[PDB]
C-alpha cells in the first residue's frame, strides 16, 4: 500500500502521481489521528512541494497543496518539515494561480503555517504573503475564499510577541470591509484580527480608528452570536484603552447604551466582565465621558454587579466605579453615592486581591473628600459620607487594614483615618 503510493509519487507518470498523491491526501484527511508522522517518514514531502510548481497540472497542485496543508496542521515538528522543503515561497506564488481551488488551498496552507508560532507567522509575512493574499479579495470573491482568507489574515495578526505593525497594517482596509459581512465565520475572524491589531500602543489604536471601523464594531456589540460579540467587544475594549479623543470615537456611536444591554441581558460571565472592563476604561476618561456613562443609565446596574456578581465581574466593576470617583466631578461623585456605591466598595475591602482592595480604598477616599467638602461649604457638623461608610461597616474594615502586610494599603488606611476620623 504505502510502498505502492511512494512508488506512484516518485514516478514520472502523470496519472500515477495524481493517484498516489490523492491517496496520501485521503490518508491525511481521515476523521482523526491522521498518520502525519508516517507520511513524513515515507519521504514524499519534497515531491509534494515539487508538485506545487506543476502549473500544467492544477489537479495535482491542488491534491499536493491539500496534503501539505494537512501535514502543516500537525505539530511544530511536522510543520518544520514543510518549511524546510521550501513550501512557503511556493505557496505565496500560488496565491497568483489561475486555479481558484489552488489559490484557496494555498491560503489555507499559509494559515496553518502562520498559526504554528510567532516565528512561523513572521516567516510567512517575510516571504511576502500579505499583499498577494489581499490582492485577490474583491467584490466577486466567493464565501469559501472569504472565510479562508479572513481566518488566515487573523493568523497573520495573532500571537505574542506581536507581528510588526508595519507588516500587518495593509490588512486594515480589508478587515474594515470584512466586518460588514453578514457571515458569522467572516465576522468572527475579522473581529479577532482587529482585536489583535488594536491591542497595544495608541498609535496602533489610531490606525484602527482611521480605518473607519468604530461604527460597525459598535453595531456588532449587539450581535446575537457570542462568537461574534466576544471579539467585537474585545476590540471596542482595546480601543477605549487609548486617549480621550480615541475613546470618544467609540462613545460617539452610542456604545454606552449597547454596553449597558450587555450588563442587563442574561449573558456569559466572561462577556459581562469584558463589558465592565470596557466601561472602566471609559470612566478612566474625562468628566464629559464619565457624564456619558451616567446619562446612559449604567451606574445603577454597575453598582448592582459590584455588589452581587461573580468575583471576576466585581473586580472590573470596582475599577469602573473607582475610576469615575477619581476623574469625576464633585456632583458626579455625589450621584454615584446616591446610586448606592458606598456599601459594595466597602464589602470588597476584605477581598483577597490587594489590587482590588487598593482600588476600592481609593474610591472611598475620593468619596470622603466630596463628603468633607460638602461639610465645609455649609460649615456643617458631620461628613455625611463618613457616616455612610460607618453604617456600611466600611470604617471597621479600614481600621483593620492598619494591620495589612502591604505598605500602600497601610499608609492609605492610616491617612484616611487620620483625615476623616479624629
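Positions refer to the first chain, counted from 1.
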task = On mean C-alpha B-factor from the PDB entry, just flag whether 43-51 or 371-379 is the higher one.
result = 371-379
task = Report the stretch with the higher mean CA temperature factor, choosing between 199-207 and 315-323 on the basis of the entry.
result = 199-207
message = Sorting 151, 277, 165, 192 by Cα temperature factor from the record, which one lands on top?
response = 165
task = Would you mind finding, among 220, 137, 282, 345, the residue with the largest C-alpha temperature factor in the entry?
result = 137
query = Based on the entry's values, in what third of the chain does the Cα temperature factor of residue 98 lie: lowest, middle or highest?
reply = highest
task = Rank-wise, by C-alpha B-factor, drop residue 122 into the lowest, middle or highest third of its chain.
result = lowest
ask   = For residue 334, does the deposited CA B-factor place it in the lowest, middle or highest third of the chain?
value = middle
message = Among the modelled residues of this chain, does the Cα B factor of residue 352 put it in the lowest, middle or highest third?
response = highest
ask   = Which third, lowest, middle or highest, does the CA B-factor of residue 385 fall in along this chain?
value = middle
